[PDB]
Structure formats: C-alpha cells, structure tokens
Amino acid sequence: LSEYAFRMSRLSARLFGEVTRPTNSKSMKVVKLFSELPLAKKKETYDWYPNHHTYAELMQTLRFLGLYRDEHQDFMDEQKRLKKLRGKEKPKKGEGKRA
Amino acid sequence: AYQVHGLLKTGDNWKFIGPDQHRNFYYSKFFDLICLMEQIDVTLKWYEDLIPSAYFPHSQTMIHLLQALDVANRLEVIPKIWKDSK
Amino acid sequence: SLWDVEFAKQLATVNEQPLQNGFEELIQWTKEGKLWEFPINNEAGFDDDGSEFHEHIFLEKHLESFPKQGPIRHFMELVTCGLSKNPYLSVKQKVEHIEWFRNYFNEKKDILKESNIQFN
Amino acid sequence: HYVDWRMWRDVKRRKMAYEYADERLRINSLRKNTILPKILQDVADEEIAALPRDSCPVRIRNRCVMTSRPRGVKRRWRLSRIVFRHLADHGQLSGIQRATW
Amino acid sequence: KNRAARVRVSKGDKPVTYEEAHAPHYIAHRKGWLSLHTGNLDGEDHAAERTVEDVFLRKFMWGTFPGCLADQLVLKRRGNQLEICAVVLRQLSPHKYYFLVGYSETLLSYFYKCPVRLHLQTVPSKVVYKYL
Amino acid sequence: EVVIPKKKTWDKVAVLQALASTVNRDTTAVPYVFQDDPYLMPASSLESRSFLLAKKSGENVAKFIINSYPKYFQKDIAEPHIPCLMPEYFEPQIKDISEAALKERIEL
Amino acid sequence: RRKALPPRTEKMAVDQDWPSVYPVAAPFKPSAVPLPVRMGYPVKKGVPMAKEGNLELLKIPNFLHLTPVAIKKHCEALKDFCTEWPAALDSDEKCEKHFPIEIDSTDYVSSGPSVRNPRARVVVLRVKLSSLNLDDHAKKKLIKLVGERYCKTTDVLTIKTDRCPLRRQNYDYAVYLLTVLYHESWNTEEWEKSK
Amino acid sequence: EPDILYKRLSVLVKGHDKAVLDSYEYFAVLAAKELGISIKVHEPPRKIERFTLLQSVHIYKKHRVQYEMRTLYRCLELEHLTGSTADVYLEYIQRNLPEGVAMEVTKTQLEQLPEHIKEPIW
Ligand SMILES: [Mg+2]
C-alpha cells in the first residue's frame, strides 16, 4: 500500500461520504456517537413505562363516576369499613405515638 | 312506484329516509300496493324485501298482508307475522 | 358562511344511507380517513420536510466561521461527517448542533488562544 | 394512585435522562478526542461531573411495568419473568407456546 | 406438582368451559391463542406496547361489563383493526348492550387511536365443556 | 421495441368502486349498523329506534367524558393522525384583544 | 325483558350468493352460516363442540369470505387499472439490453396503527457493468475506486445507501454516486502516472 | 407522466402457523394465475427462538420452563408488472391480509440513464 491507495481512498472519501484526512479510532468514536442517536431519546427507552398515572387516575374517575365497577377497591373499602367499624381506625393528623 | 323504487337506493340513495317515518311510510305504501295489486311472487318479494328489509309491519299493513295472502291462499306464515305485529 | 354549513348538514341528512355489508363498513372506514392508504408505504407523512439528498450529504454550507487546515477544522469535519451519516435526525437539528459547536468553540476563546493555534 | 418510589424514581431517572441527552453528547464529544488538547477535555470533565444527579442513563434500571422487579426481566416485552409466565400460561401472547422441543 | 391456570377437578360439580380445561402444555396441540398479532414475530417492533394494550383492554372490558362476559376476549389484530368478538350472557336488554357496544367503540377508538368495530355472540348461559 | 404506458393514476375512491361496489344487496337484511347475531336483532322499528339512540347516547356521554377531561387522550401513538382523535375546546386564550376575544368567546 | 329470536340460518334460502352473505374478512358470527362444522378436542364418550360458543372458531379465521367465484368477480371488476408487460421484454436478456439498471425498494407492515419501519429506507442499486461505455483505464479506475462494492464474478456493482431516511433521496444519492464515479473513471489524475 | 415499471417485486409472508399462510399462498397463487402475474412458491427454512425462564419464584433452580417461538417462512416472486398493476395486486393482498401473518414488499424498479453521465464534466 502506498499513496496510490491513499489517494484512491481519499477521493472515495470525498465521494462516498467518509472523512478524507486520516484520524484515530478514538476520534472515530465521535463520528459513531454522531452517526446514530443518544441512548435517552429512543422511543422504547424514555417511553419504556407509559404514563401510568393517567391510567390510574382514569380508572379512579371511572370508578368514582360509577362507570367502572372496581371490585378491588370495593373490597378494600369493605375491609377498611370493618377496620374503622371495630374501633381501630386511623389516628388523626396530630395524634399518634405522642398520645 | 317503479320510479321511486329505482331511485330508492340503487342509483342515488338520498331518496330513502330523512325520518324513520319516511322509510316506514314509503315501505308501507309500496308493500300494500305490491300485495293488493300484484301477484304472489311480488308479494313474497315484499315479504323478503320491505317488511324484512325494514322492521315489522303496521296494523293496517298486517291486515293488507293477511288479505293479500287470503287472495293467494297462504295462511301458513300468519303466526310469525302475528308475533311481529304483537 | 353559516347557512352554507347548515346546507351541508342538509346534504348529510338527505344523503344519509344505511350499510349493507362489510364492504360498506369498509366504505365508511375508508372515506372517514381512518385506515391506511393502501397499498402501504412507510414514508407517508413522515417525510423529513422535503429535504433533498444534497441537503443531507453536502453540509459545507453550514461551516462558515471555522478555519481551513489544522486540528479544529479536522474536528469539525469529523462532526460534520458524523451528522452526515445519521438518518435519525432532521437537517434542522443537525444545524442546531452545528451552531452549538460554533457558539461553544468561540465562547471559550481563552484556552483556545492558549492552544498556540488560531481558531476562527 | 401510585404507591412506590423505586419504580417512580426509575421513571424519574428515565425522564430526566431524556432531558439531559444532547448536552452530555456535546460534552463527551469534547471528551473522546486525541485531537483538541487536554485542558479543554479537563474543563469538559469539570462540567459533566458538575451536572446534577438523576441525569445520566447509567442509572437506568430496566424494571417491570407490571410488578417493578429489577431482576429476571425480558427486555423484549419489558416485564418480569413471573407476569410474562402468567399471561403466557393463560395463552394470550401470540406465538409464545410452551416448548415441547 | 405443577399447577398452572388449569382446572383441578374436585368433584363432578364444577361447570368448566373448553378454555379453562386445557393446560398450557396443550397450546400448540389442543388450544388457540386469545390474542393474535405480528408483534411476536421477528423482525417486528412495538411489542411491549401491544402487550400492555391487550392486558389493559381485557381487564377494562371485563371490569366494565359486570358479569357480561361468559369467557375472555378475542382480540384479533390487523393493523388498524382491534376487532372484538366476545361471548355474553343472555340476561340483559339488547338496548343496553348496544349502548355499551357504542360506548366501548367510542372510548377505545379515541383512547388507542384506532378504528374498532365490536361483535358479540350471545350465549344463554355460561358455556360448559366439562363437569370437571 | 419498448413501449412505456403512461400511469393510470387513482385514489382510495377507485378501490371502493372496484371491491365494495361489486357486491349485491342483502336479501334478509336488517340495516348493518346493528349486529347480526340472533339475540340482539330488532323485531320492531321501536327496537331499532332504541338501539340507535342507545348507541348515540353512549357516544354523547362518551364525548362528554372526553371534553370533561381533555388531558387524558393526548398521548399519541398512531402516526398518520386521523383528525377526529383530539377533543374540541371552548376556552378563550385572548383577553386583552377585542375582536379576537369576541370571536374566540362566541364562535369558538 | 326477555325475547326470543331465531337466526337467519333458516331464513336464508339455498341459492343466496356468498358475496352477499360473507363479503369481507369476518370475526365469524355463527348466526349467518348454514354449515354445521364442529371443532375441538372431544371428550371420550362425547362430541366435539359445535359452532355455538366456539371460541376455537373465533380465533381461527374462516376463508368463507374469499368465495372463489367472488374472487373471480372482483378480479374481472379489477380489469380496468391494468397495463401490459410489453412482449419485447419477456426474455430477461432483452430486458437487460433495454434496461440494465435495477433499483430495489423496501416496505413492510406492522400490527398496530403505527406505521414507521426503520429498515424500510435502503434502496440498493444494482448495475451490471457490461452495458457501460467504460474504457480500459476507466474500468480499472472504477474497480480500484469502488473496491468491494462490485461483484467480480457476474459483473454486478451493488451500492447501498442509508444515510437519509427517504427512498427517493437515497435513490438520487446512489444515482449521484454513480454519476460522480462515472465522472471520475475518465479522468487520469496527476499521481496516476506515479503508479 | 409515464409509469414506474418493475422487472420483479416480492411479498414475503411469514406467520406462527402453517395452515393459514398455506391457504393464503393458495389464494395468492390463484390471484396470480387468474391475473397473469406468474409467481413461484418457495419456503425458506424455519427459525425457532427458544429461551428459558425460572419456574419457581424463590429458590428451585434445577427446574426451568422453556418457551418456544416458531417462525415460518413463505415467499413469492412477482415478475414483470408495472406500477399500476403492482398497486392492483398489492391492494388485493393488503385488503385481504390476515391477522397472524407478516408482509415485506420489495420492488425492483426500472430506470434508463442518469442525466449528467452521458458525456459529463461535472
Ligand atoms: Mg413436574
């Protein structure tokens, strides 16, 4: 290999879309981190979790409007109803260990 | 009757119904005419294509259907149309 | 014209028609603009705003305030050819990173004039 | 209603990582160069260690979207080996069958 | 002892359908997949989105209609088709059923941004295959 | 040698005429907006009336639950954007203007 | 409260055409079918389950909508959008003599309303090199210039392009690359004597 | 405007089962020989994705549960049609596309000559 090859590679670099003057592979790290995307912006990484709080508050209003029948929360308010009905309910804001 | 029927839904189906009463009145009039004026083949076509194409018949429509069936001696499917009328 | 839109609602209530088959369900579903535009391609609507190929390849038109032969122009050739081969970014975003590099490289001119070579 | 903070903080890290992407991209472009000499890279290091926490995708923990377990996760469907086995043994996810070889 | 979502017969007193009476070692043999989509074939993107859409869809469609599903859903899936065909108990009025069918059409079609047509096959009771 | 035919160019309307319009009309037909299954068919015109009004009243309370929470249907996953998928707005964004506030408080 | 309606199975007569009955790809409501086919792993002293409640019939698609006579009807109504592959261009050697440059495209489908595909933007350009006006130094220079992009055995230069996400843009890019390669093949530069 | 012509084009259909796309290749081959498209039928060898999960939840490692993933392969070679006709047959597939199979469309289009390539100096 000599400058016949170096000039053919340089003109095919100006042709096909690679960098014409030679460089290090450590400096080709910047062209491979620039020839693609950062990690954070991919549609399956920052949107790994969907906005789950919209789903939760959606079902919360649909139960509150009586359109969805949320059996788990009916059962949970049943057991909470029994728990307040027995005599061992939640303390008030300001009552606790210090009473 | 042939003019409004060919203009009904094949060429341009604007001539069908704005109300529910438009469809009911057009179907009832054409079915009573095809039952009490035409023969048994067109009356069977009315039983397949207006009373079955729309919903069930009216009271005078059922009386016209019963009279047209008594003209052509067909008192066999009177009970299904009777349940449709009731 | 409000009476013209009421006239169009008159057009709807005269031209209302029932469905008869699944072909007519797909008549409604096709004229509603719902389903895809058959036969399917994937460049429909997502088009990178009508840029040419030469607006992707030849990026020499964004590299004015930069030197000619030296280390930093070599660095700018590297980031220019890096944004050349990236088809996940639009050309506007690429010029935005280009102007950030220009603004940063002339912002901290103290060490760059300590670098014993002149950056433009 | 959400109850937990390990799952919520992983979503916190995901969104604040999504924000701090191109700035760290430009700083690490200043980092990894044999050209563009040392002191520029060292003030780049000062800058990037001076960035706030919860801002780098190093912290990303691919937990489950149904039970938030850190470990035993498929990245193909982003949930745990328990709940995927739950809905696979019921028979809803197409193509996945139990292997009779 | 492996116990899946299968039926563990106690006496001849439990009316069980065809679906619950087959264990998941029969899936490629004697059963059929509830949903069907190309998201599990390779290559294909958008998989976990398809799964969360199916799971939320089935739990929503059950918890909305109280006892009006004799079995689980059938979510066939073709591009811009989320086609519902379920089996409902012949208990309530069909006026209310059409109310709820239009309700699910509108809510799903505006939530997941897709044309949905519902279909129902009414069954007079719980469908039984075995007294197991 | 080589003839080149010039492109016959058509739209979505052409495939309607080509596949949908080459069908006949159904013999036993109930209007297809309802189901075909035996339990839920109408047997009177009052049945079809209450069916269609049940469908549209579900649609009306559906559009009411949509506009009562406009921040719940905004996350878009579909690409080509069928335009009926966003709710409508009755709010004014201009107050210090006069003609824009009048138009955006009456016609909007 | 409670009603009782029979299906259309008794209602539809024997000679009703199936495009009127099953037009399009159905989720199979068994009200309309007059065909009594059972499916299921049956019990030992019993029967396979019938079509009523048959979820196995609901997950498995019928091909009843594709009536072959209705396939024929839709074909003969689709006679109008057609053209003709011209009869000089049937034997493929003559097609290469009239068109020796081929451009490939890529398109896929996906479950779900989202349409985008990342692997659907490459247009690989395929040129058989024996149709060009390439002289001897010029062909030698094109080989030295492309390197490995050209299949030496059957003389097919293959150039891939994915530096931009549009098919027409990469196609114009490969055409531009061929255009500047066939700029360059003629020109003998200064160091080509220093060989 | 003249038409874009193809020497060849291809729709590859792959599914989870065999019967659906065998019946669909029968539909496609009769749609081909009944519209004069001249395809062949051919099967690439299969792929089976087999991964492994833990069966228990706290500790029983020696017993695992494998899940298969069968992927079949069924291609067609669509030759010698123009742009409009390719839109016809591609529409007649993609209006009848099932819910379990896939589709990959790869047309091999035609072009005579680039512009400044005849006798160019830039
Ligand atoms: Mg065991």
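Residues numbered from 1 in each chain as written, not as in the entry; some residues may be left out. Chains lettered and ligands numbered in written order. Part of a larger assembly, values for the part shown. Heavy atoms only, no water. Residues with missing side-chain atoms left out of burial classes, pairs and counts.

- Structure determination for this entry is recorded as cryo-EM, at 3.49 Å resolution.

Some points on the environment of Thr61 of chain A
Residue and element names in this part refer to chain A.
Right, so step 1: By secondary structure assignment, the location of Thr61 is in helix α3 (residues 52-64).
Right, so step 2: In this structure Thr61 comes out as buried when scored by relative accessible area, which is 14%.
Right, so step 3: Separated by 49 residues in sequence, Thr61 and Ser12 place their C-alpha atoms 63 Å apart. (Helix = DSSP H or I, 4+ residues; strand = E, 2+ residues; numbered from the N terminus. Buried < 20%, exposed > 50% of the residue type's maximum accessible area, 1.4 Å probe, protein only.)

Description of the sheet that holds strand β2 (residues 35-36) of chain E
All names here are of chain E.
Right, so step 1: Spatially, the 4 strands line up as an open sheet ordered β2-β3-β4-β5, and their pairing is mixed. Single-partner strands in this sheet number two, and they are β2 and β5 (118-123).
Right, so step 2: As paired elements, strand β3 (residues 75-77) and strand β4 (residues 82-89) share 3 bridges and run antiparallel to each other. Along β4, the bridge assignment pairs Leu75 with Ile84.
Right, so step 3: Relative to the sheet, helix α2 (residues 48-64) contacts β2, β3 and β4, its axis offset from that of β3 by approximately 145 degrees.
Right, so step 4: Its contacts with the sheet place helix α3 (residues 94-111) against β4 and β5, and it is angled at close to 145 degrees to β5. (Pairing = 2+ DSSP bridges. Contact = heavy atoms within 4.5 Å. Axes fitted to C-alpha atoms, helices over the stretch in contact; angles between N-to-C directions.)

Some remarks on unusual backbone geometry
Right, so step 1: Between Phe38 of chain C and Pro39 of chain C the backbone carries a cis peptide bond, its omega angle lying at 0 degrees.
Right, so step 2: Mapped onto the secondary structure, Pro39 of chain C falls in the loop between α2 (22-31) and α3 (54-57).
Right, so step 3: Following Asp42 of chain E, the chain continues into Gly43 of chain E via a peptide bond in cis, with omega recorded as 0 degrees.
Right, so step 4: You can see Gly43 of chain E is positioned in the loop between β2 and α2.
Right, so step 5: Here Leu36 of chain D, not a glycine, exhibits a phi torsion of approximately 60 degrees, which is positive.
Right, so step 6: For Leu36 of chain D, the location among the structural elements is in the loop between α2 (22-31) and α3 (38-49).
Right, so step 7: Taking relative accessible area as the criterion, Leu36 of chain D reaches 3% and is therefore assigned buried.

Regarding the packing of helix α5 (residues 91-107) of chain C against α2 of chain D
Right, so step 1: Contact pair α5 of chain C / α2 of chain D: the axes reach a minimum separation of 12 Å and the direction vectors enclose 55 degrees. On the basis of their axis angle, the class for α5 of chain C and α2 of chain D is oblique. The two elements α5 of chain C and α2 of chain D cross, and the hand of that crossing is right-handed. Of the residues in α2 of chain D, those touching α5 of chain C at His97, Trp100, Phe101, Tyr104 and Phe105 of chain C are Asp22, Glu23, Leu25, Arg26, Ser29 and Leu30 of chain D. (Parallel < 35°, antiparallel > 145°, perpendicular 65-115°, else oblique. Left-handed = near helix turned anticlockwise from the far one by under 90°.)

Examining the interface of chain H and chain G
Right, so step 1: Across the boundary between the two partners, chain H contributes 36 residues, which contact 37 residues of chain G.
Right, so step 2: Both faces considered, chain H and chain G share a buried interface measuring about 3500 Å² in area, 64% of it formed by carbon and sulfur atoms.
Right, so step 3: Where chain H touches chain G, the interface holds 0 salt bridges.
Right, so step 4: Looking at the side of chain H that touches chain G, the elements that each hand over two or more residues are β1 (5-13), α1 (19-33), β6 (74-82), α2 (83-94), β7 (104-105) and β8 (108-110) of chain H.
Right, so step 5: If you tally residues by element for the side of chain H that touches chain G, the top one is α1 of chain H, at 5 residues.
Right, so step 6: The class makeup of the residues in the side of chain H that touches chain G is 19 nonpolar, 11 polar and 6 charged.
Right, so step 7: Note: strand β2 (residues 107-108) of chain G against β7 of chain H, 2 bridges, orientation antiparallel. Within the sheet, the bridge partner assigned to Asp107 of chain G lies in β7 of chain H and is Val105 of chain H. (Buried area = accessible area lost by both parts, 1.4 Å probe. Salt bridge = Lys/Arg side-chain N within 4 Å of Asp/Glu carboxyl O. Nonpolar A, V, L, I, M, F, W, Y, C, P; charged D, E, K, R; others polar.)

Here we look at the pairing of β6 of chain H
Residue and element names in this part refer to chain H.
Right, so step 1: Here β1 runs beside β6; their pairing, made up of 8 bridges, is antiparallel. Bridging from a neighbouring strand, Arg8 pairs with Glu79 of β6.
Right, so step 2: By the bridge criterion, 2 bridges tie strand β2 (residues 41-42) to β6 in an arrangement that is antiparallel. What sits directly across from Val41, in β6, is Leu76.

Some words on a nonpolar patch on the surface
Residues and elements named next belong to chain C.
Right, so step 1: A contiguous nonpolar patch, built from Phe7, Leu11 and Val14 and spanning about 240 Å² of accessible area, is present on the exposed surface.
Right, so step 2: Mapped onto the secondary structure, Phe7 falls in helix α1 (residues 2-14).
Right, so step 3: Classification of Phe7 as partly exposed rests on a relative accessible area of 39%. (Patch = residues over 30% accessible without salt bridge, like charges linked within 9 Å, V, L, I, M, F, W, Y side chains within 5 Å. Areas by Shrake-Rupley, 256 points an atom, 1.4 Å probe, with all protein chains shown as cover.)

Considering the environment of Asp107 of chain G
Right, so step 1: As for its placement among the helices and strands, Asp107 of chain G is situated in strand β2.
Right, so step 2: Here the alpha-carbon distance between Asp107 of chain G and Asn117 of chain G, two residues 10 residues apart in the chain, equals 8.1 Å.
Right, so step 3: Residues within four places of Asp107 of chain G in sequence aside, it is in contact with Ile40, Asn41 and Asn42 of chain C, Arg167 of chain G together with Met103, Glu104 and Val105 of chain H.
Right, so step 4: Within polar-contact distance, the side chain of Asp107 of chain G engages the side chain of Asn42 of chain C at 2.5 Å. (Polar contact = N/O pair within 3.5 Å; in protein donor to acceptor, adjacent residues only side chain to side chain.)

Some details on the packing of aromatic side chains
Right, so step 1: The tally for this structure, following the rule as stated, stands at 32 aromatic pairs over all chains.
Right, so step 2: For the ring pair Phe34 of chain A and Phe101 of chain C, a centre distance of 5.9 Å and an interplane angle of 90 degrees mean the geometry is edge-to-face. Here the residue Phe34 of chain A occupies a position in helix α2 (residues 28-34), and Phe101 of chain C occupies one in helix α5, the pair thus bridging two chains. For the residue pair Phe34 of chain A and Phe101 of chain C, the accessibility class agrees, reading buried in each case.
Right, so step 3: Look at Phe111 of chain E and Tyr112 of chain E: their rings are 5.1 Å apart centre to centre, the planes differ by 45 degrees, and that puts the pair in the tilted class. The same class applies to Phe111 of chain E as to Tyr112 of chain E, namely buried.
Right, so step 4: Site record: aromatic cluster; members linked through ring pairs are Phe34 of chain A together with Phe66, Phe75, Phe101, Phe105 and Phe119 of chain C. (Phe/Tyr/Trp six-rings, centres within 6.5 Å; stacked < 30°, edge-to-face > 60°.)

Observations regarding the arrangement of the chains
Right, so step 1: Summarising the chain contacts, 20 pairs of chains touch, and the pair with the most contacts is chains G and H.
Right, so step 2: Note that chain A does not reach chain B: the shortest distance linking a C-alpha of one to a C-alpha of the other is 31 Å.

Structural notes on α2 of chain E
Right, so step 1: Spanning 17 residues, α2 of chain E covers 24 Å between terminal C-alpha atoms, matching the ideal 24 Å at 1.5 Å per step.
Right, so step 2: Buried residues dominate α2 of chain E, accounting for 13 of its 17 residues. (Expected span 1.5 Å × (residues − 1).)

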